[PDB]
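K.L.:
I have a structure here, written as structure tokens, and I will follow up with some questions on it.
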Ligand SMILES: CC(C)(C)OC(=O)NC[C@@H](Cc1cnc2ccccc2c1)c1cc(F)ccc1F
Ligand SMILES: [Zn+2]
């Protein structure tokens, strides 16, 4: 009672939110939000310290970040460093943390029973941390792994490069991540004891007055109140003033500047940026959001629509962008066609024409009202969140908003402020602009290099004559304000649960044309529904050409519908449409109210679609580059790709796809579409706020619309063929090797094929994966430091399964091979030793994870959709498999390992894909390994092997 400075009033929440909330401020300055949820499976807490990278000392880049790794390694009360991770591990929890420019955010979840035990261990790091010196070298090699990861990633490159072109004296120029150089090599050379500087930064910065704590649990508001007072009232208050960065990092000499940048992927982008004051304080009227909505609009009369008609760009992003406390940015970013790259000046002229139009028209209240209405709807009917993300998010926002507004924060707009809009719009002018062009056409034409990532670039002043041209922009008649959004939902009725409602989806239609699975939502009760459709056609993947045409068809369909569908997206109604190895996939999600109207427009357009030649050529070129850009993908990404190609009956390569792409002409595509839609089978899942009858009426409308416009007829059952997995021979080991030409890291996937999926085989494999899961990370990543990516787990495809390992390392593939096999023996011993008690803990951990309950509709739909697309239809799977899992013995697992997985197992089926680093040449004891058969030709490999059956569906 005396340890609490004040209690907040009522925490404004949605009427639909049954969780209970209480805000308060501790006497030591800590802001608190408590969340009482008696139904939650997992409890969670989070602490956000309003200090991060921008506050690093200039001579030690990455220190805030480093302190984040170092802070959770042993305290006075809990000496052992593994304690926090261990306790969470033992009680179905997890933890994680992040460091930004102004924040360091620590969070965990745990089983609802063990909140106090977890929060106790958590609270100590903010009372008496030890920072065990033993780990220092490991945590530095960790931070170094992260940076090295991002080095070849174009987005991180652009992020840091922008920083390098501003005022070098401004904290905004800092390198926030750090690496081995900034945390070991340089501070050694300069005679810096990192540890005492770490400790110093902590002492100066980790003040309760800059801390926010969030706790979500089953316990009451009063019990949580007591617990948080008990644990956090002792955090020391050092009255640290909150860092402000009110000088803008781009000053007059950083303006009217042009940057020409070389990317890693063949991408072509234009970035237009305007320095603006910090708008955070105007949050109740949010004038940048207003301008972002309009400048970034995609409906008719939009900036984008005109840039698209002109053939200059495909996509556009607009609006306000965070900086830090004191400074912000307004951006207009576009991608560029080949013609766009030659008309950058004209593109920018058009941007200023639209900006000028918003001036001449002045502010519109009806637009603001629309935004207000949509945000109110969005807040009211917001999906429930996983507790871990929820607490972490709130902890951050506690630093920006009054207690009572912490949930409504990002949602609610109140007052229309025309003056403010006009103020922001006044900064959007040629004299305040910064321009960046990203293009490979600048390769070898650049004089500068960014130190952290190696990025190559050029800088030049924009000529005055250009600025003046932009300043003098006429009004353009192609630009118009949007009209009223007719997709705004108004019917939020939750339909009564039907008498014959089912717990799982039921087959409510089974015809030549369609299989329809349906479940009325009996859990979330929001006015939404998810409508998923799989369209099956043999002509979508028959050869590389057809697969190309499938892709382009749907890309052009989406491009054509975009103006119309954008309004619906703004109104919380969205769709996904993509091609598959079997046909097409369509998903429509969100508010059910106008859902049938959007669906019908899509099905109609699919069938009566008229192609724009100009768009066809542009989209085709963009797709070519997309196929090429896979070369720039990560090595482990490549490894996984190669293995799918290897193990699946039919699969066209990126090389085959691009080779066929030149044969896609407009007349060939126009012929393809009616052919594709001539014969179909549809399998659908309709899940949400809908009745059995409504479901049937939706399916009927989809069928009738295709039948009418495309003359669709059903496929033959014998035509509904799924692809099989390659059956590897007993005691075989095959290796496929390739090189990544971009990254100087290796990638590898090792796949131990087991058998066809079945209740028993599934649980043998999953328990084994459960057992080795933590050890694999601890040994291969933590101890041996093999690389950033270390993964093990079950692999499932085409009714078949096995065990896999994926690793990205500096070390050569064959080396990684011996270490994995070495690890596999370690676990062999380890299972023999392990106590019956420790074994049963593994079973319990697996069970809990498997029975994890979806917290939103989509997460429930996805589980159902999984069963539908695998054609196993096992909706009660979890319960059944857990029940079985519980009957398994330690022997069972030993037997299984010995028959299928052990180096000398009689039924070992091993396939490895090795992807070599850009430069690369073509401890527990590791066992002796046989000579692998090396795959030269994927077709030959496949021809020489049998193909598995397909799994019998659960009926
Ligand atoms: C958004 C991320 C990727 C984090 O990057 C940035 O914050 N800034 C880099 C920024 C792109 C950008 C712009 N102007 C520059 C001027 C000079 C030098 C580099 C620049 C980079 C960017 C903006 C954006 F909205 C989306 C992607 C982006 F890469
Ligand atoms: Zn890190």
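Numbering (the entry's author numbering), first residue to last: 44 to 965, 980 to 1012. Quick reminder that beta carbons are idealized off the backbone N, C-alpha and C, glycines included.
(1) To the nearest angstrom, how far is it from the Cα of residue 970 to the Cα of residue 575?
(2) Is the number of C-beta pairs between the stretch 991 to 1008 and the stretch 773 to 781 that are closer than 8 Å three or more?
(3) What would DSSP say about residue 965, mapped onto helix, strand or coil?
(4) Once you ignore the five residues that flank residue 157 on each side, which residues in its own chain have a CB closer than 6 Å to its CB?
(5) Report yes if the CB atom of residue 46 is closer than 8 Å to the CB atom of residue 112, and no otherwise.
(6) Looking only at DSSP bridge pairs, what is residue 365 linked to?
(7) Return yes when at least one heavy atom of ligand 2 lies under 7 Å from the C-beta of residue 189, else no.
(8) Should residue 978 be counted as a contact of ligand 1 given a C-beta to heavy atom distance under 7 Å?
(9) Taking the alpha carbon of residue 718 as the point to measure from, which residue in 706, 676, 584 and 930 has its own alpha carbon closest?
(10) Is residue 734 helix, strand or coil by DSSP?
(11) Would residue 383 and residue 356 be called neighbours here (beta carbons separated by less than 8 Å)?
(12) Please tell me whether residue 848 and residue 835 are closer than 8 Å, where the distance is taken between their beta carbons.
(13) Mind the definition here: the stretch 199 to 217 touches the stretch 95 to 104 only if three or more C-beta pairs lie below 8 Å; say whether that holds.
(14) Using a Cβ-based criterion (distance less than 7 Å to any ligand heavy atom), does residue 205 qualify as near ligand 1?
(15) Between residue 643 and the rest of its own chain, which residues show a CB-CB distance below 8 Å, the 5 nearest in sequence each way excluded?
(16) Assign residue 996 to one of three DSSP states: helix, strand, or coil.
(17) DSSP beta-bridge partners for residue 834?
(18) With distance defined between alpha-carbon atoms, name the residue in 331, 387, 358 and 160 nearest to residue 302.
(19) Excluding sequence positions up to five away, which residues of its chain have a Cβ less than 7 Å from the Cβ of residue 600?
(20) Three-state secondary structure (DSSP) at residue 431?
(21) How many whole angstroms separate the CB atoms of residue 677 and residue 790, which I take to be in contact at a CB cut-off of 8 Å?
(22) Taking 7 Å as the cut-off, is the beta-carbon of residue 985 closer than that to any non-hydrogen atom of ligand 2?
(23) My guess is that residue 369 and residue 473 are in contact by the Cβ rule of under 8 Å, so how many angstroms apart are they, rounded?
(24) Tell me whether residue 311 sits in a helix, a strand or coil according to DSSP, three-state version.
(25) Residue 334 and residue 550 look like a contact to me (Cβ under 8 Å); what is the Cβ gap, rounded to whole Å?
(26) Is residue 164 helix, strand or coil by DSSP?
(27) Relative to ligand 2, is the shortest distance from any of its heavy atoms to the C-beta of residue 186 smaller than 7 Å?
(28) Which ranges does the alpha helix (DSSP H) cover as unbroken runs of at least 4 residues, wholly within the stretch 199 to 259, from first to last along the chain?
(29) Should residue 404 go down as buried or exposed, given a rule of 16 or more other Cβ atoms within 10 Å for buried?
(30) Would you kindly work out how many angstroms separate the C-alpha atoms of residue 234 and residue 226, rounded to a whole number?
(31) Can you give me the start and stop residues for the alpha helix (DSSP H) that residue 605 sits inside?
(32) Should the stretch 263 to 271 be regarded as contacting the stretch 296 to 311, the criterion being three or more beta carbon pairs within less than 8 Å?
(33) State buried or exposed for residue 294, treating a residue as buried only when at least 16 other CB atoms are found within 10 Å of its CB.
(34) Between the Cα of residue 145 and the Cα atoms of 380, 44, 367 and 882, which residue gives the shortest distance?
(35) Which runs of the alpha helix (DSSP H), 4 residues or longer, sit entirely within the stretch 861 to 901?
(36) Quick check: is any heavy atom of ligand 4 less than 7 Å from the C-beta of residue 885?
P.N.:
Looking at the atomic coordinates:
(1) Missing here is residue 970: after 965, the next number in the chain is 980.
(2) Enough Cβ pairs lie closer than 8 Å, so yes.
(3) Coil.
(4) Here the set comprises 134.
(5) Judged by their CB atoms, residue 46 and residue 112 are not nearer to each other than the 8 Å cut-off.
(6) 371.
(7) Yes, since a heavy atom of ligand 2 falls inside the 7 Å radius drawn around the Cβ of residue 189.
(8) Regarding the residue in question, residue 978 is not represented: the chain runs 965 and then 980, omitting everything in between.
(9) Comparing Cα-Cα distances from residue 718 to each of 706, 676, 584 and 930, the minimum goes to 584.
(10) Shown here, residue 734 sits in coil according to DSSP, grouped into three states, outside any helix or strand.
(11) Cβ distance < 8 Å, so residue 383 and residue 356 count as in contact.
(12) Taking 8 Å as the cut-off, the beta carbon of residue 848 is found closer than this to the beta carbon of residue 835.
(13) They touch, by the three-pair rule.
(14) Result yes, Cβ under 7 Å from ligand 1.
(15) These residues qualify, in order along the chain: 744 and 748.
(16) In this structure, residue 996 counts as helix in the three-state DSSP scheme.
(17) Paired residue(s): 849.
(18) Comparing Cα positions, the closest option is 387.
(19) Closer than 7 Å at Cβ, skipping near neighbours: 620, 648, 649 and 652.
(20) Under the three-state reduction of DSSP, residue 431 is assigned to helix.
(21) Yes, residue 677 and residue 790 are in contact; Cβ-Cβ is about 7 Å, under 8 Å.
(22) No, the Cβ of residue 985 stays beyond 7 Å of every heavy atom of ligand 2.
(23) Between residue 473 and residue 369 the Cβ distance is about 24 Å, and since that is not below 8 Å, they are no contact.
(24) Of the three classes helix, strand and coil, the one that applies to residue 311 here is coil, per DSSP.
(25) Contact flag wrong, Cβ pair sits at about 50 Å.
(26) Here residue 164 sits in helix by DSSP.
(27) At least one heavy atom of ligand 2 lies closer than 7 Å to the C-beta of residue 186.
(28) Segments of the alpha helix (DSSP H) lying fully in the stretch 199 to 259: 229 to 232 and 237 to 248.
(29) Counting the other Cβ atoms within 10 Å of the Cβ of residue 404 gives fewer than 16, which makes it exposed.
(30) The alpha-carbon atoms of residue 234 and residue 226 are separated by roughly 12 Å.
(31) Bounds of the alpha helix (DSSP H) holding residue 605 are 587 to 613.
(32) Cβ pair count under 8 Å is below three, so no.
(33) Burial call: exposed.
(34) For residue 145, the nearest C-alpha among the options comes from 367.
(35) Within the stretch 861 to 901, the complete alpha helix (DSSP H) runs of at least 4 residues are 879 to 893.
(36) With respect to ligand 4, the structure offers nothing, as its ligand set consists of ligand 1 and ligand 2.
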